[PDB]
Every structure is written in structure tokens, then in C-alpha cells.
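Student: I'd like to ask some things about the structure below.
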Amino acid sequence: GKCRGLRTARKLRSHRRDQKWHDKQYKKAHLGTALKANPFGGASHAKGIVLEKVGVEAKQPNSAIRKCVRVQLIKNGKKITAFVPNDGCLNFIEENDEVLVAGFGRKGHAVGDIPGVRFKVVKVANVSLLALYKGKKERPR
Amino acid sequence: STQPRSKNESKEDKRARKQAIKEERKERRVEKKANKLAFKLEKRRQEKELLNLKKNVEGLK
Amino acid sequence: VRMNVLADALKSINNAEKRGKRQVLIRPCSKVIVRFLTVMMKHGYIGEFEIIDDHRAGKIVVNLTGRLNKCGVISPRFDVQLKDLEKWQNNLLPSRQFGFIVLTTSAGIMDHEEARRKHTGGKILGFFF
Amino acid sequence: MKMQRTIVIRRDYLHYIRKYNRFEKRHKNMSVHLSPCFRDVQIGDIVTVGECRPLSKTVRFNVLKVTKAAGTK
Amino acid sequence: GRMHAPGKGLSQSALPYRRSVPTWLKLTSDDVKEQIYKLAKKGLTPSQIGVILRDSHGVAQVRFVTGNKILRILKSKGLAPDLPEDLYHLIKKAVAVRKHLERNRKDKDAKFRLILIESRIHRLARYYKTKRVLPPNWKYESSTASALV
RNA sequence: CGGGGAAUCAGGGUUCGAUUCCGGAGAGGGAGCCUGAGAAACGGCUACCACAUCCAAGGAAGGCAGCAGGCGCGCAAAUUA
RNA sequence: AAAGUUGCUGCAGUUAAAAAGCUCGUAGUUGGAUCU
RNA sequence: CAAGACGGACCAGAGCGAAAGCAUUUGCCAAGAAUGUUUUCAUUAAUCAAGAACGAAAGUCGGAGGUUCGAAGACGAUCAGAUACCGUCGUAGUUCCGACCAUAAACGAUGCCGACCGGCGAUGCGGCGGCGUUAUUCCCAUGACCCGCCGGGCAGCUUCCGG
RNA sequence: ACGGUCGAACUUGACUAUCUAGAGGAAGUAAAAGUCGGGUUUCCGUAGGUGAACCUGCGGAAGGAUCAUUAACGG
């Protein structure tokens, strides 16, 4: 079993940290290899340039084409794919456009039908997609 | 060597035949290790290519 | 090997109480075991016992009353201060009305209530209820 | 007792860890000056030392008295 | 259980409660002590002396009659050996196993049992060094062991 | 940067603490000084390294991690009162 | 925090993830009564 | 007649060994458990990072030897498409000696030491107590059985102990 | 001005680490309906058979579905 002596403190804490390294979330947070593979680089949001528009095919039980965008982030040059949520909202996006992107909700994990998309478009040309969709504001170019 | 080992063979024939067999096995294992290495390298590069296709250049437009 | 003879004695008492028996033989004997049984006797929990005085470590046969639920040891013998005795009696005891932390202090082996009365702390030995 | 007129002693203690409520064994070595008035000092006997001013790069204490080992007559 | 075996046996002595010398035993402590002295002069370990005294002379326990145990009497007069009895027997057993392994090289079980005997020798030597019975510079070495016996 | 401390929490714990209080360090980077009770000081000096201002082309003058303010950087932060 | 899914309090290790092929052995940890 | 191999049946839920494993006779060699002891020492202990011995089969180096079997390999059959199965031969190997390797479903898919909590009678070894049958009634002990009891074992059955 | 001291930094090779252009090679992807077309109970370790899978050899497991017989042995 466990050691329960009055002098077993360093054995307990050493075994604790060694088996702490076997925790998946702990190893994601503390090893520092997931943070450098993360394109946002420990940021809630990133801002990039639209490279192209992509139709991503939905996974097996669902049949749909999800309108996504290949973006290159400004601060590190990495390339990501971001989902444009509502219907007709890809038409508000043009090529070589300035776009604010956030994660999609599962912390770097792909969500739902879309294979390999962790990000969603929040703002297009420094105006929100919500205000464009609801028709509150107009978009410059 | 694909030859029967009869009874009349003595020393300096049996040992030479055995040494030839041992050499055949030796370069045979060397070639086997080289094949393992080449197939491993090819599998790593094709998995890299498949993951690159998963990340980008896969869509309609 | 046999370490902590108090743990063996308390486990034997618990196991034969759970079985419904009337008497328990526990070997070896010690001063700590006799003091623990004296404390546990004064609260009417166990009954009265004989120390079979062989020339080795003695034996004890203790009568059993059906009033015991659980008697137990705490290993290791942690240091308990009066500021920390409330947490121990919250952790180990089923209720605030009954149950007993036995502890050894420089005033002797006693209960947590007598330790509060005499304003002393010590090292924990057990609990029974 | 190998360098000239100073010795290395070891002080042992238990450091408390609050999470596990336990202890760990720790030690520290000290170089302390040993005067020639304490001769026939052996290895493994208890020494009482007193703090003084720095005497070298590492020596800060000085041997005050020597009590022999538990087994040594 | 055993130190180096899987066995957990119960074969041992059981002294009685009665520490008093039996009334039929018409031997004083001095007679038993001189008997111990002459048996040691004949040359016997204290186990052998105790067995001879128990079997033939009717002495149930030496320390119940004389008040002192055999090896302390031998040390007090001065016939105690320099190395202890059990350590001597272990070293002798190790020497015999080493001789067998010198004769027979492929005997792996003899090597394994020799390793166990050396472990027991080192344990006893450490214990005797703590009690200042052996000198602190004492050591068991592979080559010069048969000289000690 | 370290503490005082903060969030959360039955009990035990986990995590945060650049940030107004105390202590340390440094003024683009290193190095050497003068004065002085006190500085290896930079709203003092002298160099080299990197930047960069005015030139009549010989020379001269620099140091906002002070207050506002500007550029840049970025998901990210205010008035030259 | 939920997470007794890092478990000191307080987790697991037949079949679900898991006990080293086996033994010896140093440091470490723990160590039977007994003295008003 | 010779060669190398292998020790069947007896052979069991029997035994021994740390495990891997271990079965022809006899002799020699050192070990070992258990039991028995009113022997001796008197805490000398348990579990163990580092370190160290042993570790099936297969495989690799040197030598010896190759009976059987036999990966590879060569043939013969078999079919819309057969290239695994099947049969004959057969190399490394399978055997021994000396060096390496340190792996198995290396299994009880169950760490070791210690304590307590139901029962029963078979077996292995040792010890104890016995009325009897047998060594052609044995002259006394001793071996083989028979009835119990104790200690350590390999296992079994039974149970609504508790999980 | 000689000398000493503290010492920024400069040059030369090695060990490197980073930034930044590249002829070429090997690829994949979107565009061409263009041309030709039966075996296995389940495994483990090692070795061979073209790398893996799979098969075979050697040694191991069950994590694989026990029916029937068994009181005499003395003359």
C-alpha cells in the first residue's frame, strides 16, 4: 500500500509530482509543448488575414458543407482554419481581409461535425459578424 | 547451401560449408535491418504527408 | 513482522465484537494496551479483563459487552494540539454526543474531553464508539 | 577531520511538510575551527560550537567543547 | 518466517514458568561453573556445553542455577573465543561452500546459497560492530576467510 | 523579482501575486570614474557596442522602464488639462 | 470548485488501465514486552 | 555390430527448489526445508532506490558431434483466380563444452512481512500417545498396516463471515 | 610619455544556435468517366520466409465444452 510513516514526507511529495506528470491536463498545462503548438500562443483571440474560402465537408452521419476560411495569423505567421457561423456570413468576407478569430469552445479540440476546426471568426474588417448578420452596422473595405 | 550432408564428409569441408551458411545468414540479417529502416522512414514521411493534407489543401474552393 | 501491538489488539477486539463473541484473547500485552482498555472500560464500553502474567509479554482476556461499534488505532501517532483537536474529532467521530479520541499526553493516556479539561495536547492513539 | 585546524561537522534535523503533516530528514554540513587544545578528537562525537566573526571563506563558528561518542570510552 | 527461506516454522523451545531450581538438583552454582570451565577446556561452544549439561547432568537451565548464562561465565573467567559462535559457524559454512565451488564450477545453486551465506555473514558482522564485540576495522574478505577459522 | 497578500475552498487542498506597502534590481547594452557624508548615480561625466539629431562637411549634441503625448507592437490599456 | 478523475485526510492494480521472471542487497521508511 | 538421442509405463492436483525448472543404477561432493530441544546469542528484524547472482524456448560467437525431428529450400499434388494446408527429401538448428542475450499467456492474468474472523477430513514430511494384525504365531526392540493428536506444507469440499 | 591596473570592444579558427534567398529532386492533392485491365479455437516470446501483416519451426498459456469405470486381492 502507501507509506504512512512519520518521516515519509519527501517520498509522498516526490511520488505525487512524478505521478502528477501522468495526468493529461497537467501535462498539457505544464510541459510547454502544447503551448508552442497552439497557434494563438496563449491568447484568447488572434487577428489574421483571410487567405482563402474553404468548404469543409461534415463528418459521416451529417451531410453539409460548412463554410470556413483559411487565415494566416499576423503575429507568428501560422495558418489556421476558422468557421464562419451563421448563414450568408461568408458573403461578408472577402479575400485578403482583416479578421479577428477566437477559439470555438472546446479548448483546442475540434467541435461537432466539422473535422479539424478549432476556431471561429468573430470580427471582419474590425466590425462584428453579429452586427453584420443582424444588420446593425455596415462594413468598410 | 541447399545440399544434403552425407556421411563421408570430414573436417575442412563441413566447417567451410558451415561458415558459408553463417555468412549467408549474416548479410541476410544486415539486408533485413536495412529493409526495416527504409520502410520505417517511408512510413514516417507518408504519415507526415497525410497529416499535412488533413491540416490544409482539403476543401471545395 | 509484528509492529504496533496496539493495532493488533484493537483489531482483534473489533473483529471478535463484530462476530458476537463474549471474550477476546489478545497477545502480546503492554502498558499502552492496558491503559487504552482502562479508558475504554471507564466509559462502560468494553467490560473487565484479566492480564495473564506469563513471564514473557503477557496476554489479556477481555470480556465483551455488545455496546461497541468500532474501536480503532491511528497510525502514525500524529501530534495533536488543542487548536487541532476539533478537526480530528470531526474527522474520526460519528457524532458530537459520543465517540472517543484517546491520546497520550504528559498527564497520561486519556480522552479528548479530559485533554480539553486539563488543557493538554499530545499524540493520538485511537477512537472508539 | 582532514584539513588543517578546522573540521567538518554535520547537523541533522527534521523539516516539517504541512500538506502531508509529516517530516523529512535534512542535514547541513559546517566547517568549524578546532583549536589545538582539543586533541584526540575522533569521528562521530558530539561537539558544541559558538558563533563568531568570519574566519575564512566558509568558517563562521568555533568549537567550544567536545563530548565523546556514545560508545567510545 | 525465515531470513533466506520461504519457510515459516514453529520449531523452538518453550521454557516453563518455573524459574526456581528443582529440589532434586543437588548441584551448587560453583560445581556447575567448574563443569562449564572444564568443558570449555575440553573445547566446546556454549551451545554444546548447554546440551551436555542438560542431557547428562540434569541442569535444565544454567542461568536458573548459577544466575548467569554460559558465555558470560566464560568471558568472565576468560575462555571465550575472539569471534562469536554463530559468526564462526557461518564463516566455516561459507569456506566449505567456497571449496565446493572451487571443485565444481557449474553448480549454480552452490553460488546462490553462497551469496545467501555471505549476506548473513555481513548482517552479523554489522550487528557485532555496533555492539563493539568485533573491532570496527574488521571485515570479511573472499580470499582470507579460511585463515580466520 | 521575493514577501505582506489574492481567487477559490466543508476539512485537507489548488492556483495567482508585473501591480500603489516593505525589500531588491536597472535606466538602450556593457565598462570606468569625478564630486560628495552618501552614487560605480545616468533628468552627472568618459569610452566602446547598437541606434539616432543638426550641419555651411570643419564640427556639435543625445538616452521618456518620470508626467502627458506619438510610432510600433499587438486580443489587450486614458488628456501633449 | 465540481475531481475520492493525483486520493495526507482519500483512489486504484483477478477479469475493466495497472504487481517487476525471481532472489539477494545499500541508502530510505518502519521496528516486540520491560524500569513508580 | 556401431552411433547419437531419450529416461515411457510406475507418475498422483504427489514431492523438491528463489524462479526458470527438476524422474535409469551406484558412488562422491557440498547445500536445504520441516519437525524435535527446559541448547546458545539477545533485537541481531521487515520492505527495499543504487548495485548484484540466476533466468524456458528461440537466437549469436568459438570447438566437438550430428539418431530422430526440422524453420529456410527443392520437388509432387490441388484449382474461375491459390502462391497457407497435405506428402517426399532436407540446411541452420535440435545434442555436448566454453562464451554472449535477459525475453514468455516467465499466470494464481492476484507484491512481501505480520494479526484476526466458520467448519470438515484426505494427503506429504516430522514428532507424540496407543489396544491389535503382520516380517510363516517372529525370543525383545524395530519396519508394513490400523486409531487419534500436534507443527509446517501441496491442494480440496462446505458455508447467507463479510465483501 | 613609459609602466601597472580595471576593462568595454575588435580580428582570427572551432563548437555552435537563430534569422533570412534559393536552381533542383522526391511527393500528395483539385481538374481528364482520356489508354489498358476460400481458410481461421484464441494467443505469448523468439527465428526464418521480400518490410509489416500472415505462415512455418521451437518452447509456453486457456483468456478452450470431463462422459463412463474404480468396496474383492484371501486358501
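Note that chain A carries Swiss-Prot numbering, so the residues on display, from first to last, are 2-142.
So how was this one determined? The header says electron microscopy, 3.0 Å.
Note that Cβ sites are derived from N, Cα and C of the backbone, with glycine treated the same way.
According to Swiss-Prot, the feature SUMO2 cross-link maps to A:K37. Annotated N6-succinyllysine per Swiss-Prot: A:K54, in sequence order, evidence recorded as similarity to another entry. Sequence annotations record features per position, and here Swiss-Prot assigns 3-hydroxyproline to A:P62 based on experimental evidence. Sequence annotations record features per position, and here Swiss-Prot assigns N6-acetyllysine to A:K135.
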Student: Check each of A:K37, A:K54, A:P62, A:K135 (the recorded positions) against chain B and write down, in sequence order, those whose C-beta lies under 8 A from a C-beta there; write 'none' if there are none.
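Tutor: Near chain B - Cβ to Cβ under 8 Å - we find A:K54.
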Student: Under DSSP, is A:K135 (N6-acetyllysine) helix, strand or coil?
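Tutor: Assignment for A:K135 (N6-acetyllysine) reads coil.
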Student: Give the distance between the Cα atoms of A:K54 (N6-succinyllysine) and the residue listed as 'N6-acetyllysine', rounded to the nearest whole Å.
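Tutor: With the alpha carbons as reference points, the distance is 22 Å.
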Student: Kindly assign A:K37 (SUMO2 cross-link) to one of the three DSSP-derived states: helix, strand or coil.
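Tutor: Assignment for A:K37 (SUMO2 cross-link) reads helix.
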Student: If you count other C-beta atoms within 10 angstroms, which of the recorded positions A:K37, A:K54 is the most crowded?
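Tutor: Buried the deepest by this measure is A:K54.
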Student: Looking only at A:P62, A:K135, the modified residues on record, which one has the least crowded Cβ, with the fewest other Cβ atoms within 10 Å?
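Tutor: Minimum Cβ neighbour count within 10 Å, taken over the modified residues A:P62, A:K135, occurs at A:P62.
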Student: How far is it from A:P62 (3-hydroxyproline) to the residue listed as 'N6-acetyllysine', counting Cα to Cα, in Å?
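Tutor: Between the Cα atoms of A:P62 (3-hydroxyproline) and the residue listed as 'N6-acetyllysine', the distance comes to 31 Å.
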Student: Between A:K37 (SUMO2 cross-link) and A:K135 (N6-acetyllysine), what C-alpha distance do you get in Å?
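Tutor: On Cα coordinates alone, these residues lie 37 Å apart.
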